[PDB]
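Colleague: To start, I am sharing the structure in question, which I have written as structure tokens.
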Amino acid sequence: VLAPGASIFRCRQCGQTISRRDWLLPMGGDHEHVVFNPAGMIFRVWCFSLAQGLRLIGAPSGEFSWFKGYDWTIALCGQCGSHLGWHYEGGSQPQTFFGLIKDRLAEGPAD
Ligand SMILES: O=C1CC[C@H](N2C(=O)c3ccccc3C2=O)C(=O)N1
Ligand SMILES: [Zn+2]
């Protein structure tokens, strides 16, 4: 298409470039996974094969992982520090991916 308006995802709080709709990843047959943490917070997580502009904090943990066989690290916006989701590693097909919180991103046109 010409002039697509739903191409890239930016940090909602600051505008840092984070990911792309083309990089959505259907984990378990769906890119969307609705999950809760031990504090009871519900997240609509979109899985992406790739992302940029984040800062991955600390070492991986398997504790409470929403995705079998993966360990996670918190992913902050590398610009403003907003908690955007998690990076998953240590698993299989794929070894790694990102789970980002949908409502913490803004979607819009490319570049
Ligand atoms: O797959 C995941 C990613 C991390 C996530 N997580 C949280 O969001 C959290 C908040 C406070 C204490 C502990 C946790 C934790 O494990 C969680 O529960 N599962
Ligand atoms: Zn940000």
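Order determines the names: the first chain of the structure tokens is A, the second B, and so forth; residues in each chain are numbered 1 upward, and ligands are numbered 1 upward as they are shown.
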If you count only C-alpha atoms, which residues fall within 8 Å of residue 21 of chain A, apart from same-chain ones fewer than 5 positions away, as a PDB file with N, CA and C atoms, in the first residue's frame?

Modeller:
ATOM      1  N   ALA A   6      -0.218   2.308   9.670  1.00  0.00           N
ATOM      2  CA  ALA A   6      -0.165   1.299  10.744  1.00  0.00           C
ATOM      3  C   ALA A   6       1.023   0.418  10.442  1.00  0.00           C
ATOM      4  N   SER A   7       2.122   1.043  10.441  1.00  0.00           N
ATOM      5  CA  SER A   7       3.383   0.415  10.166  1.00  0.00           C
ATOM      6  C   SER A   7       4.391   0.147  11.400  1.00  0.00           C
ATOM      7  N   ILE A   8       4.633   1.197  12.163  1.00  0.00           N
ATOM      8  CA  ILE A   8       5.555   1.108  13.219  1.00  0.00           C
ATOM      9  C   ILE A   8       4.925   1.443  14.554  1.00  0.00           C
ATOM     10  N   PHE A   9       5.494   0.838  15.560  1.00  0.00           N
ATOM     11  CA  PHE A   9       5.099   1.048  16.922  1.00  0.00           C
ATOM     12  C   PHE A   9       6.179   1.860  17.633  1.00  0.00           C
TER      13      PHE A   9
END

Colleague: As JSON, numbers by chain, please: every residue in chain A that DSSP puts in strand (DSSP E or B).

Modeller: {"A": [8, 9, 10, 11, 17, 18, 19, 20, 24, 32, 33, 34, 35, 36, 42, 43, 44, 45, 46, 47, 48, 54, 55, 56, 57, 58, 59, 60, 61, 71, 72, 73, 74, 75, 76, 77, 83, 84, 85, 86, 87, 88, 89, 97, 98, 99, 100, 101, 105, 106, 107, 108]}

Colleague: Hey, can you spit out that residue selection with N, CA and C atoms as a compact mmCIF listing (two decimals), in the first residue's frame?

Modeller:
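Now in part.txt:
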# COMPACT_ATOMS: atom_id res chain seq x y z
N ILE A 8 4.63 1.20 12.16
CA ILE A 8 5.55 1.11 13.22
C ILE A 8 4.92 1.44 14.55
N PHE A 9 5.49 0.84 15.56
CA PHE A 9 5.10 1.05 16.92
C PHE A 9 6.18 1.86 17.63
N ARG A 10 5.72 2.93 18.28
CA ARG A 10 6.54 3.79 19.10
C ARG A 10 6.12 3.73 20.56
N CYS A 11 7.04 4.07 21.45
CA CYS A 11 6.69 4.25 22.87
C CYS A 11 5.58 5.29 22.98
N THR A 17 11.18 4.84 18.67
CA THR A 17 10.82 3.74 17.77
C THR A 17 11.08 2.39 18.47
N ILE A 18 10.09 1.50 18.48
CA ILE A 18 10.19 0.20 19.18
C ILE A 18 10.03 -0.99 18.25
N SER A 19 8.97 -1.08 17.45
CA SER A 19 8.83 -2.29 16.62
C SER A 19 7.97 -1.96 15.41
N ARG A 20 7.56 -3.00 14.70
CA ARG A 20 6.88 -2.87 13.40
C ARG A 20 5.82 -3.89 13.34
N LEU A 24 5.29 -8.77 13.97
CA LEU A 24 4.41 -9.53 14.87
C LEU A 24 4.67 -11.03 14.71
N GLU A 32 -1.31 -12.26 20.10
CA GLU A 32 -1.80 -11.70 21.32
C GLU A 32 -2.00 -12.72 22.41
N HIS A 33 -1.46 -12.40 23.58
CA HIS A 33 -1.56 -13.28 24.76
C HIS A 33 -1.97 -12.44 25.94
N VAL A 34 -3.08 -12.81 26.61
CA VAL A 34 -3.58 -12.04 27.72
C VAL A 34 -3.21 -12.75 28.99
N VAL A 35 -2.48 -12.07 29.85
CA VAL A 35 -1.76 -12.70 30.97
C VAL A 35 -1.86 -11.85 32.19
N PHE A 36 -1.62 -12.42 33.38
CA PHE A 36 -1.46 -11.63 34.57
C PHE A 36 -0.25 -11.96 35.34
N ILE A 42 -3.21 -7.35 34.64
CA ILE A 42 -3.52 -7.98 33.37
C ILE A 42 -2.83 -7.21 32.24
N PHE A 43 -2.19 -7.96 31.34
CA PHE A 43 -1.46 -7.32 30.21
C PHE A 43 -1.97 -7.98 28.94
N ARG A 44 -2.23 -7.16 27.91
CA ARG A 44 -2.51 -7.64 26.59
C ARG A 44 -1.13 -7.54 25.96
N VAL A 45 -0.52 -8.68 25.83
CA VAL A 45 0.90 -8.77 25.31
C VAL A 45 0.83 -9.14 23.82
N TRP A 46 1.52 -8.35 23.04
CA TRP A 46 1.74 -8.68 21.62
C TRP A 46 3.17 -9.16 21.48
N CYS A 47 3.30 -10.29 20.80
CA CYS A 47 4.62 -10.88 20.59
C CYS A 47 5.21 -10.42 19.28
N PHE A 48 6.48 -10.05 19.32
CA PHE A 48 7.24 -9.55 18.17
C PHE A 48 8.52 -10.34 18.07
N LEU A 54 14.77 -0.39 23.10
CA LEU A 54 14.52 -0.81 24.46
C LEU A 54 15.80 -0.85 25.22
N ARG A 55 15.70 -1.01 26.53
CA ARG A 55 16.82 -1.37 27.41
C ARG A 55 16.38 -2.55 28.20
N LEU A 56 17.14 -3.65 28.10
CA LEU A 56 16.81 -4.89 28.76
C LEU A 56 17.54 -4.91 30.08
N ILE A 57 16.81 -5.12 31.18
CA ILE A 57 17.30 -4.92 32.50
C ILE A 57 17.62 -6.24 33.18
N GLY A 58 18.85 -6.35 33.68
CA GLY A 58 19.19 -7.51 34.48
C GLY A 58 19.42 -8.76 33.72
N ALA A 59 19.48 -9.85 34.47
CA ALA A 59 19.66 -11.19 33.96
C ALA A 59 18.29 -11.93 33.87
N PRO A 60 18.18 -12.92 33.01
CA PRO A 60 16.93 -13.60 32.78
C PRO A 60 16.44 -14.37 33.95
N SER A 61 15.15 -14.53 34.09
CA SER A 61 14.50 -15.34 35.08
C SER A 61 13.44 -16.20 34.50
N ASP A 71 12.80 -17.72 29.49
CA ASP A 71 13.16 -16.91 30.62
C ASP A 71 13.00 -15.48 30.17
N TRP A 72 12.74 -14.59 31.09
CA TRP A 72 12.42 -13.16 30.70
C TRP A 72 13.34 -12.19 31.37
N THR A 73 13.48 -11.04 30.71
CA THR A 73 14.10 -9.83 31.26
C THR A 73 13.11 -8.68 31.00
N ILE A 74 13.02 -7.80 31.94
CA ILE A 74 12.18 -6.57 31.77
C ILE A 74 12.78 -5.75 30.65
N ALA A 75 11.86 -5.23 29.80
CA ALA A 75 12.22 -4.34 28.70
C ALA A 75 11.62 -2.97 28.95
N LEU A 76 12.48 -2.00 29.16
CA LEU A 76 12.07 -0.59 29.31
C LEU A 76 12.27 0.12 28.00
N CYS A 77 11.49 1.16 27.76
CA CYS A 77 11.85 2.10 26.70
C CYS A 77 13.24 2.65 27.02
N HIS A 83 7.93 1.07 31.18
CA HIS A 83 7.99 -0.39 31.10
C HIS A 83 7.13 -0.82 29.92
N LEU A 84 7.75 -1.28 28.82
CA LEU A 84 7.06 -1.67 27.63
C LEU A 84 6.78 -3.14 27.47
N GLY A 85 7.51 -3.99 28.21
CA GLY A 85 7.25 -5.43 28.16
C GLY A 85 8.44 -6.20 28.65
N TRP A 86 8.74 -7.28 27.92
CA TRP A 86 9.76 -8.24 28.33
C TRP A 86 10.43 -8.80 27.12
N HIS A 87 11.68 -9.17 27.30
CA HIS A 87 12.41 -9.98 26.31
C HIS A 87 12.48 -11.40 26.81
N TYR A 88 12.20 -12.32 25.92
CA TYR A 88 12.21 -13.79 26.27
C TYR A 88 13.35 -14.44 25.55
N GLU A 89 14.05 -15.34 26.26
CA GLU A 89 15.19 -16.06 25.69
C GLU A 89 15.26 -17.44 26.33
N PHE A 97 12.27 -13.85 21.71
CA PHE A 97 11.28 -12.91 21.12
C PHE A 97 10.97 -11.84 22.17
N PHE A 98 10.16 -10.85 21.75
CA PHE A 98 9.71 -9.80 22.67
C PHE A 98 8.22 -9.91 22.93
N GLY A 99 7.81 -9.70 24.18
CA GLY A 99 6.39 -9.57 24.51
C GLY A 99 6.15 -8.16 24.99
N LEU A 100 5.46 -7.36 24.19
CA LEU A 100 5.28 -5.93 24.50
C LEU A 100 3.83 -5.66 24.84
N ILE A 101 3.61 -4.72 25.72
CA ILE A 101 2.28 -4.39 26.26
C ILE A 101 1.61 -3.43 25.24
N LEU A 105 2.11 1.22 23.63
CA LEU A 105 2.72 1.58 22.34
C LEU A 105 1.70 2.45 21.56
N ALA A 106 2.23 3.24 20.65
CA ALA A 106 1.39 3.99 19.68
C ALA A 106 1.75 3.53 18.29
N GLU A 107 0.76 3.24 17.47
CA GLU A 107 0.98 2.74 16.14
C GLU A 107 0.78 3.86 15.11
N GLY A 108 1.61 3.86 14.07
CA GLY A 108 1.52 4.96 13.10
C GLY A 108 2.38 4.67 11.90

Colleague: Can I get the residues close to ligand 2 as a count of residues only, where close means within 8 Å and we count only C-alpha atoms and all ligand atoms?

Modeller: 14

Colleague: May I ask you to write as number ranges by chain all residues lying at most 6 Å from ligand 1, with only C-alpha atoms and all ligand atoms counted?

Modeller: A: 37-39, 63-66, 72

Colleague: Next, dump the selected residues to file, keeping only N, CA, C and O atoms, as a short mmCIF file (atom, residue, chain, number, x, y, z; two decimals), in the first residue's frame.

Modeller:
data_model
loop_
_atom_site.label_atom_id
_atom_site.label_comp_id
_atom_site.auth_asym_id
_atom_site.auth_seq_id
_atom_site.Cartn_x
_atom_site.Cartn_y
_atom_site.Cartn_z
N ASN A 37 0.32 -11.03 36.07
CA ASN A 37 1.50 -11.22 36.92
C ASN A 37 1.09 -11.52 38.38
O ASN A 37 -0.09 -11.53 38.73
N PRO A 38 2.09 -11.76 39.25
CA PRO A 38 1.75 -12.09 40.66
C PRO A 38 1.07 -10.96 41.39
O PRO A 38 0.34 -11.26 42.36
N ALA A 39 1.21 -9.73 40.94
CA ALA A 39 0.50 -8.57 41.52
C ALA A 39 -0.90 -8.41 40.95
O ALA A 39 -1.58 -7.45 41.24
N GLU A 63 11.07 -17.46 36.48
CA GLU A 63 9.99 -17.40 37.46
C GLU A 63 8.70 -16.83 36.85
O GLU A 63 8.72 -15.77 36.24
N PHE A 64 7.59 -17.51 37.00
CA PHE A 64 6.28 -17.05 36.56
C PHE A 64 6.22 -16.84 35.04
O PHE A 64 5.32 -16.15 34.58
N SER A 65 7.12 -17.41 34.23
CA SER A 65 7.11 -17.12 32.83
C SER A 65 5.80 -17.54 32.16
O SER A 65 5.28 -18.64 32.36
N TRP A 66 5.25 -16.63 31.37
CA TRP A 66 4.04 -16.87 30.63
C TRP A 66 4.22 -17.75 29.40
O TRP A 66 3.23 -18.12 28.71
N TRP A 72 12.74 -14.59 31.09
CA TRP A 72 12.42 -13.16 30.70
C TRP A 72 13.34 -12.19 31.37
O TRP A 72 13.84 -12.41 32.49
#

Colleague: Set the distance at 10 Å and use only C-alpha atoms: which residues neighbour residue 92 of chain A once local chain neighbours fewer than 2 positions away are removed? I'd like the list as an MDAnalysis selection string.

Modeller: chainID A and resid 68:70 89:90 94:96

Colleague: Could the residues in this selection be saved with C-alpha atoms as an mmCIF file, in the first residue's frame?

Modeller:
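This went into selection-v5.cif:
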data_model
loop_
_atom_site.group_PDB
_atom_site.id
_atom_site.type_symbol
_atom_site.label_atom_id
_atom_site.label_comp_id
_atom_site.auth_asym_id
_atom_site.auth_seq_id
_atom_site.Cartn_x
_atom_site.Cartn_y
_atom_site.Cartn_z
ATOM 1 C CA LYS A 68 6.882 -22.278 28.393
ATOM 2 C CA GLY A 69 10.596 -22.775 28.066
ATOM 3 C CA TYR A 70 11.477 -19.074 28.071
ATOM 4 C CA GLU A 89 15.190 -16.063 25.690
ATOM 5 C CA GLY A 90 16.467 -19.538 26.337
ATOM 6 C CA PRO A 94 12.230 -19.174 18.318
ATOM 7 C CA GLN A 95 15.006 -19.024 20.858
ATOM 8 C CA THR A 96 14.110 -15.403 21.634
#
